[PDB]
(Lines of atoms letter the chains of each structure in order from A and count residues from 1; the text may use other names and numbers.)
(Lines give C-alpha, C1' and ligand atoms only; values in the text may rest on other atoms or scores of the structure.)
Protein backbone atom coordinates (compact mmCIF):
# COMPACT_ATOMS: atom_id res chain seq x y z
CA UNK A 1 0.00 0.00 0.00
CA UNK A 2 2.84 2.44 0.99
CA UNK A 3 4.88 1.34 -2.08
CA UNK A 4 1.77 2.15 -4.29
CA UNK A 5 1.34 5.60 -2.67
CA UNK A 6 5.05 6.44 -3.30
CA UNK A 7 4.84 5.37 -6.98
CA UNK A 8 1.67 7.57 -7.30
CA UNK A 9 3.59 10.44 -5.52
CA UNK A 10 6.56 10.44 -7.95
CA UNK A 11 4.24 10.03 -10.94
CA UNK A 12 2.26 13.17 -9.71
CA UNK A 13 5.48 15.25 -9.84
CA UNK A 14 6.11 13.77 -13.34
CA UNK A 15 9.41 12.42 -11.85
CA UNK A 16 9.40 9.30 -14.10
CA UNK A 17 13.18 8.75 -13.47
CA UNK A 18 12.20 7.34 -10.01
CA UNK A 19 8.59 6.20 -10.78
CA UNK A 20 9.41 3.57 -13.52
CA UNK A 21 12.42 1.62 -12.00
CA UNK A 22 10.63 1.36 -8.60
CA UNK A 23 7.60 0.01 -10.40
CA UNK A 24 9.59 -2.43 -12.60
CA UNK A 25 11.38 -3.61 -9.45
CA UNK A 26 8.19 -4.03 -7.35
CA UNK A 27 6.75 -5.98 -10.32
CA UNK A 28 9.87 -8.21 -10.48
CA UNK A 29 9.86 -8.69 -6.61
CA UNK A 30 6.04 -9.48 -6.60
CA UNK A 31 6.21 -12.01 -9.48
CA UNK A 32 8.89 -13.99 -7.56
CA UNK A 33 6.68 -14.07 -4.37
CA UNK A 34 3.16 -14.86 -5.78
CA UNK A 35 3.54 -15.37 -9.57
CA UNK A 36 2.33 -13.12 -12.42
CA UNK A 37 -1.44 -13.83 -12.04
CA UNK A 38 -1.93 -11.88 -8.75
CA UNK A 39 -4.01 -8.74 -7.78
CA UNK A 40 -0.84 -6.86 -6.63
CA UNK A 41 0.93 -7.45 -9.98
CA UNK A 42 -2.21 -5.95 -11.68
CA UNK A 43 -2.04 -2.97 -9.27
CA UNK A 44 1.63 -2.20 -10.15
CA UNK A 45 0.98 -2.85 -13.85
CA UNK A 46 -2.01 -0.39 -13.74
CA UNK A 47 0.19 2.27 -12.09
CA UNK A 48 3.05 1.74 -14.62
CA UNK A 49 0.61 1.68 -17.59
CA UNK A 50 -0.59 5.14 -16.52
CA UNK A 51 3.04 6.40 -16.30
CA UNK A 52 3.67 5.13 -19.86
CA UNK A 53 0.39 6.87 -21.00
CA UNK A 54 1.62 10.24 -19.53
CA UNK A 55 4.92 9.65 -21.42
CA UNK A 56 2.83 9.17 -24.64
CA UNK A 57 3.98 5.47 -24.82
CA UNK A 58 0.40 4.47 -25.78
CA UNK A 59 1.18 0.96 -27.22
CA UNK A 60 3.10 -0.09 -24.03
CA UNK A 61 0.31 1.40 -21.83
CA UNK A 62 -2.43 -0.60 -23.72
CA UNK A 63 -0.42 -3.81 -23.27
CA UNK A 64 0.00 -3.43 -19.48
CA UNK A 65 -3.67 -2.50 -18.96
CA UNK A 66 -4.84 -5.58 -20.90
CA UNK A 67 -2.43 -7.77 -18.95
CA UNK A 68 -3.73 -6.12 -15.71
CA UNK A 69 -7.34 -6.58 -16.94
CA UNK A 70 -6.76 -10.31 -17.69
CA UNK A 71 -5.34 -10.90 -14.13
CA UNK A 72 -8.16 -9.01 -12.37
CA UNK A 73 -10.83 -10.94 -14.34
CA UNK A 74 -8.94 -14.15 -13.38
CA UNK A 75 -8.30 -13.40 -9.64
CA UNK A 76 -11.13 -11.02 -8.58
CA UNK A 77 -14.08 -11.77 -10.90
CA UNK A 78 -15.42 -10.55 -14.28
CA UNK A 79 -17.67 -7.93 -12.54
CA UNK A 80 -15.27 -6.63 -9.84
CA UNK A 81 -14.78 -2.82 -9.26
CA UNK A 82 -11.05 -3.20 -10.08
CA UNK A 83 -12.06 -4.58 -13.52
CA UNK A 84 -14.29 -1.53 -14.17
CA UNK A 85 -11.35 0.75 -13.17
CA UNK A 86 -9.00 -0.94 -15.66
CA UNK A 87 -11.62 -0.80 -18.49
CA UNK A 88 -12.15 2.92 -17.75
CA UNK A 89 -8.37 3.29 -18.19
CA UNK A 90 -8.36 1.48 -21.60
CA UNK A 91 -11.44 3.41 -22.81
CA UNK A 92 -9.71 6.74 -21.82
CA UNK A 93 -6.49 5.61 -23.60
CA UNK A 94 -8.35 4.62 -26.83
CA UNK A 95 -10.48 7.78 -26.77
CA UNK A 96 -7.47 10.13 -26.32
CA UNK A 97 -5.99 8.23 -29.38
CA UNK A 98 -9.28 8.68 -31.33
CA UNK A 99 -10.38 4.99 -31.28
CA UNK A 100 -13.83 5.97 -29.89
CA UNK A 101 -15.67 3.00 -31.46
CA UNK A 102 -13.28 0.50 -29.71
CA UNK A 103 -13.43 2.39 -26.37
CA UNK A 104 -17.29 2.59 -26.36
CA UNK A 105 -18.03 -1.10 -25.29
CA UNK A 106 -15.25 -1.06 -22.60
CA UNK A 107 -16.77 2.10 -21.14
CA UNK A 108 -20.29 0.57 -21.24
CA UNK A 109 -19.10 -2.69 -19.51
CA UNK A 110 -17.41 -0.65 -16.76
CA UNK A 111 -20.60 1.37 -16.32
CA UNK A 112 -22.80 -1.76 -15.97
CA UNK A 113 -20.29 -3.16 -13.37
CA UNK A 114 -20.00 0.18 -11.47
CA UNK A 115 -23.80 0.57 -11.26
CA UNK A 116 -24.32 -3.03 -10.02
CA UNK A 117 -21.60 -2.77 -7.36
CA UNK A 118 -21.39 0.92 -6.27
CA UNK A 119 -25.04 1.87 -6.88
CA UNK A 120 -26.59 4.01 -9.67
CA UNK A 121 -25.81 7.34 -7.78
CA UNK A 122 -22.12 6.79 -6.93
CA UNK A 123 -19.45 9.42 -8.05
CA UNK A 124 -17.57 6.59 -9.83
CA UNK A 125 -20.77 5.86 -11.84
CA UNK A 126 -20.85 9.61 -12.70
CA UNK A 127 -17.11 9.57 -13.69
CA UNK A 128 -18.00 6.75 -16.08
CA UNK A 129 -21.10 8.54 -17.53
CA UNK A 130 -18.96 11.57 -18.37
CA UNK A 131 -16.50 9.28 -20.27
CA UNK A 132 -19.32 7.45 -22.07
CA UNK A 133 -21.02 10.70 -23.04
CA UNK A 134 -17.73 12.24 -24.34
CA UNK A 135 -16.87 8.99 -26.18
CA UNK A 136 -20.34 8.94 -27.86
CA UNK A 137 -20.11 12.73 -28.59
CA UNK A 138 -16.95 12.14 -30.64
CA UNK A 139 -19.04 9.65 -32.75
CA UNK A 140 -21.95 12.15 -33.23
CA UNK A 141 -24.38 10.04 -31.13
CA UNK A 142 -25.75 13.30 -29.38
CA UNK A 143 -29.12 11.58 -28.51
CA UNK A 144 -27.99 10.05 -25.18
CA UNK A 145 -24.96 12.40 -24.69
CA UNK A 146 -26.88 15.32 -23.06
CA UNK A 147 -28.77 12.87 -20.79
CA UNK A 148 -25.56 11.13 -19.53
CA UNK A 149 -23.85 14.49 -18.87
CA UNK A 150 -26.83 15.76 -16.86
CA UNK A 151 -27.11 12.42 -14.90
CA UNK A 152 -23.35 12.69 -14.08
CA UNK A 153 -23.63 16.37 -13.15
CA UNK A 154 -26.59 15.54 -10.86
CA UNK A 155 -24.51 12.89 -9.02
CA UNK A 156 -21.37 15.14 -8.68
CA UNK A 157 -23.48 17.99 -7.32
CA UNK A 158 -25.50 16.01 -4.71
CA UNK A 159 -22.89 13.36 -3.65
CA UNK A 160 -19.94 15.84 -3.86
CA UNK A 161 -19.56 19.59 -3.29
CA UNK A 162 -20.96 22.20 -5.73
CA UNK A 163 -17.31 23.50 -5.74
CA UNK A 164 -15.88 19.98 -6.50
CA UNK A 165 -13.59 20.03 -9.62
CA UNK A 166 -15.63 17.24 -11.33
CA UNK A 167 -18.69 19.55 -11.47
CA UNK A 168 -16.77 22.14 -13.61
CA UNK A 169 -15.12 19.30 -15.64
CA UNK A 170 -18.54 17.70 -16.53
CA UNK A 171 -19.90 21.19 -17.36
CA UNK A 172 -17.05 21.93 -19.86
CA UNK A 173 -17.59 18.48 -21.45
CA UNK A 174 -21.36 19.16 -21.94
CA UNK A 175 -20.45 22.66 -23.22
CA UNK A 176 -18.17 20.98 -25.85
CA UNK A 177 -21.16 18.78 -26.92
CA UNK A 178 -23.29 21.95 -27.28
CA UNK A 179 -20.48 23.55 -29.37
CA UNK A 180 -20.41 20.55 -31.80
CA UNK A 181 -24.22 20.96 -32.20
CA UNK A 182 -24.11 24.76 -32.80
CA UNK A 183 -25.75 25.47 -29.41
CA UNK A 184 -23.26 28.40 -28.74
CA UNK A 185 -25.62 30.20 -26.30
CA UNK A 186 -26.13 27.01 -24.16
CA UNK A 187 -22.31 26.54 -23.98
CA UNK A 188 -21.82 30.32 -23.16
CA UNK A 189 -24.22 29.72 -20.20
CA UNK A 190 -22.17 26.79 -18.77
CA UNK A 191 -18.91 28.73 -19.13
CA UNK A 192 -20.53 31.67 -17.24
CA UNK A 193 -21.99 29.26 -14.54
CA UNK A 194 -18.48 27.74 -13.92
CA UNK A 195 -16.90 31.23 -13.74
CA UNK A 196 -19.66 32.47 -11.36
CA UNK A 197 -19.33 29.74 -8.59
CA UNK A 198 -15.52 30.25 -8.97
CA UNK A 199 -15.76 34.03 -8.19
CA UNK A 200 -18.38 33.45 -5.38
CA UNK A 201 -15.84 30.99 -3.79
CA UNK A 202 -13.17 33.79 -3.67
CA UNK A 203 -15.40 36.92 -3.03
CA UNK A 204 -19.04 35.84 -2.29
CA UNK A 205 -22.43 36.40 -3.99
CA UNK A 206 -22.53 38.51 -7.16
CA UNK A 207 -23.77 42.09 -6.60
CA UNK A 208 -22.79 45.49 -8.17
CA UNK A 209 -19.43 45.33 -6.22
CA UNK A 210 -18.37 41.66 -6.83
CA UNK A 211 -19.03 41.10 -10.59
CA UNK A 212 -17.17 38.21 -12.42
CA UNK A 213 -14.59 38.65 -15.25
CA UNK A 214 -17.29 38.04 -17.92
CA UNK A 215 -19.58 40.83 -16.64
CA UNK A 216 -16.56 43.17 -16.88
CA UNK A 217 -15.83 41.69 -20.35
CA UNK A 218 -19.40 42.46 -21.56
CA UNK A 219 -19.09 45.99 -20.01
CA UNK A 220 -15.77 46.68 -21.92
CA UNK A 221 -17.43 45.37 -25.16
CA UNK A 222 -20.44 47.79 -24.93
CA UNK A 223 -18.04 50.75 -24.20
CA UNK A 224 -7.99 26.11 -10.25
CA UNK A 225 -6.65 24.53 -13.52
CA UNK A 226 -10.23 23.58 -14.60
CA UNK A 227 -11.16 27.32 -14.47
CA UNK A 228 -8.13 28.57 -16.57
CA UNK A 229 -9.43 26.42 -19.48
CA UNK A 230 -13.05 27.69 -19.01
CA UNK A 231 -11.54 31.22 -19.30
CA UNK A 232 -9.71 30.16 -22.52
CA UNK A 233 -13.06 28.65 -23.76
CA UNK A 234 -15.37 31.63 -23.10
CA UNK A 235 -12.59 33.90 -24.43
CA UNK A 236 -12.45 31.73 -27.61
CA UNK A 237 -16.31 31.85 -27.86
CA UNK A 238 -16.48 35.67 -27.43
CA UNK A 239 -13.74 35.83 -30.16
CA UNK A 240 -15.84 33.41 -32.33
CA UNK A 241 -18.84 35.80 -31.78
CA UNK A 242 -16.73 38.77 -33.03
CA UNK A 243 -16.91 40.36 -29.52
CA UNK A 244 -13.16 41.21 -29.39
CA UNK A 245 -13.00 43.64 -26.38
CA UNK A 246 -14.83 40.96 -24.27
CA UNK A 247 -12.51 38.28 -25.81
CA UNK A 248 -9.25 40.17 -24.98
CA UNK A 249 -10.55 40.67 -21.38
CA UNK A 250 -10.86 36.87 -20.76
CA UNK A 251 -7.75 36.02 -22.88
CA UNK A 252 -5.67 38.38 -20.64
CA UNK A 253 -7.48 36.99 -17.53
CA UNK A 254 -6.52 33.43 -18.68
CA UNK A 255 -2.77 34.38 -18.98
CA UNK A 256 -3.00 35.86 -15.40
CA UNK A 257 -4.79 32.69 -14.06
CA UNK A 258 -2.02 30.47 -15.63
CA UNK A 259 0.68 32.59 -13.71
CA UNK A 260 -10.09 25.41 -28.48
CA UNK A 261 -11.90 22.75 -26.36
CA UNK A 262 -10.16 20.06 -24.24
CA UNK A 263 -11.89 16.67 -23.63
CA UNK A 264 -11.68 16.13 -19.84
CA UNK A 265 -11.71 12.39 -19.08
CA UNK A 266 -12.16 11.23 -15.51
CA UNK A 267 -10.09 8.29 -14.27
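Numbering follows the first chain given and starts at 1.
Per-stretch averaging of Cα B factors for 64 to 72 and 207 to 215 places 207 to 215 on top. Mean C-alpha B-factor is higher over 31 to 39 than over the other stretch, the pair under comparison being 31 to 39 and 54 to 62. Taking the deposited Cα B-factors for 223, 234, 26, 48, the highest one is held by 223.
For residue 197, the recorded CA temperature factor ranks within the highest third of the chain's modelled residues. Sort the modelled residues of the chain by CA B factor and residue 160 lands in the highest third. Sort the chain's modelled residues by C-alpha temperature factor and residue 119 lands in the highest third, per the entry. Split the chain's modelled residues into thirds by C-alpha temperature factor. Residue 241 is in the highest one.
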